[PDB]
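1. Provide a 3D model corresponding to the input given below.
(chains A and B)
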Amino acid sequence: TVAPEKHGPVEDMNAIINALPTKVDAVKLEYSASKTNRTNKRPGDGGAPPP
Amino acid sequence: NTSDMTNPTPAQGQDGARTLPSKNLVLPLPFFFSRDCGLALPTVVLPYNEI
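-> Numbering: from 1, shown residues only, chains lettered A, B, ... in the order given. Now the structure:
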């Protein structure tokens, strides 16, 4: 005659879910590193000026 | 076609047992820039194309 109430499991959530931002900081650092240009846009140049 | 590399040689047990010599041969490459001195590739002018 009443709507059943559903909640979380018996075990606490935090022990399983945990919290450690090392992965996301690693991703952000990798993205910031890749933001700078790493390829060459002057092929067949020889960018050494004459002495 | 040095009259030595194209001369037939029988097996080692026959009268002709000379081995075909190993040496260096040169082949010029006929290209548009190689055909005339007035036509030369401006590598200094082309810093964006790889040849």
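2. How far off centre is stretch A:4-20?
-> Once both centres are worked out by C-alpha atoms, centre = their mean, to the nearest Å, stretch A:4-20 turns out to sit 25 Å from its chain's centre.
3. end to end, how far does it reach?
-> Taking C-alpha to C-alpha, to the nearest Å, stretch A:4-20 runs 35 Å from one end to the other.
4. what does chain A put close to chain B?
-> When proximity is defined by C-beta under 8 Å from any C-beta of the partner chain, chain A lies next to chain B at A:41-46. The way it works is simple: take the backbone N, C-alpha and C, and place the C-beta from them, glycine included.
5. measure residue A:10 to residue B:3 for me?
-> In this view, residue A:10 and residue B:3 are 97 Å apart by C-beta to C-beta, to the nearest Å.
6. follow-up on the earlier one: will you turn the residues of chain A next to chain B into a markdown table that also has distance to residue A:3, secondary structure and neighbour count?
-> As requested, the residues of chain A next to chain B are arranged in a markdown table below (distance: C-beta to C-beta, whole Å; DSSP: H, G, I helix; E, B strand; the rest coil; neighbours: other C-beta atoms under 10 Å in any protein chain shown):
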| residue | distance to residue A:3 | secondary structure | neighbour count |
| --- | --- | --- | --- |
| A:41 | 65 | coil | 8 |
| A:42 | 70 | coil | 9 |
| A:43 | 69 | coil | 12 |
| A:44 | 74 | coil | 11 |
| A:45 | 73 | coil | 15 |
| A:46 | 77 | coil | 9 |
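7. mind pulling up the phi and psi values for residue A:42?
-> Main-chain dihedrals, residue A:42, degrees, to the nearest 10: phi -130, psi 70.
8. Could you check how far it is from residue B:48?
-> For residue A:42, the distance to residue B:48 equals 7 Å [C-beta to C-beta].
9. same question, residue A:47
-> The gap separating residue A:47 from residue B:48 is 13 Å, by C-beta to C-beta.
10. and residue A:50, what helix or strand is that in?
-> Counting by DSSP states H and E, no helix or strand carries residue A:50.
11. try residue A:6
-> Following DSSP H and E, there is no helix or strand that holds residue A:6.
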